[PDB]
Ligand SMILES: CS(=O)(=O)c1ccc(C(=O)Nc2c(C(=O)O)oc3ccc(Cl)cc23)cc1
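Encoded as structure tokens, the following chain is the form solved without the ligand, with no partner shown.
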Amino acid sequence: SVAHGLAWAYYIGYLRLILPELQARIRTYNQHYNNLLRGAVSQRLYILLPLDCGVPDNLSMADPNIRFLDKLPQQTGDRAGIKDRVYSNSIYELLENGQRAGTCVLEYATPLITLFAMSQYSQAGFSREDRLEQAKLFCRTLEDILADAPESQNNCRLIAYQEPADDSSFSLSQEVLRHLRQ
């Protein structure tokens, strides 16, 4: 199953590399730049999983109530496949009624980019119906991996959502805040 393999890949090649040092990076950020931020960023990593697999090039553009505010201090890879590689993470502002309502580290789950591209490419042999099914199966698989993984205990949060195609009322901002507020 492609989702099975992608979920494992996203854990083995990203999450288990980034999550162990995340809180420290955040705790650190909250010290050096507390006077600049005048706030605290939350300590979990929030992973957006849109099941329609639409991943915009700039999160800061997908909802106008989500603005980029800063990057986290960098981490350098000292491990197979990422030796001397530089990872950063972005911090975002969440707006409600034009005002900051929360601050968090936010990103889209990259394998969704792959699911979407496989549905667009002939050579992948992968239909739109294949895509939504595999996206749900990806999210369930990743949940199971995380629920029992040494690195992902209490520092990661999966935000899965399906855009009702009927209206444009849906708010990514509100969705994130729903999870945020606890």
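Position 1 is the first residue in the sequence shown; the rest follow in order.
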Between the two ranges 118-126 and 46-54, the one averaging a larger CA B factor in the entry: 46-54
The stretch carrying the higher mean Cα B factor in the deposited entry, 163-171 or 15-23, is 163-171
Just to confirm, going by the entry's C-alpha B-factors, which of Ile66, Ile113, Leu37, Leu137 comes out highest? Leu37
Among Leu142, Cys156, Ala149, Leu132, where is the Cα B factor highest in this entry? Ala149
Sorting the chain's CA B-factors, does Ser88 end up in the lowest, middle or highest third? highest
Chain-relative CA temperature factor third for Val2: middle
How does the C-alpha B factor of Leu180 compare with the rest of the chain: lowest, middle or highest third? highest
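The same protein also has a form deposited with the ligand bound, omitted here; what follows describes it.
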Take the pose in the bound PDB entry, superimpose it on this chain at the site, and classify the pocket for the ligand as open or blocked using 3 ligand atoms within 2.4 Å of backbone or C-beta as the minimum for blocked. blocked
Location of the ligand contact in the bound PDB entry, chosen stretch of 66-74, 127-135, 140-148, 153-161 [non-hydrogen atom, 4.5 Å]: 66-74
Report yes if any heavy atom of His32 sits within 4.5 Å of a heavy atom of the ligand in the bound PDB entry; otherwise report no. yes
Should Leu36 be classed as touching the ligand in the bound PDB entry when contacts are defined as heavy atoms within 4.5 Å? yes
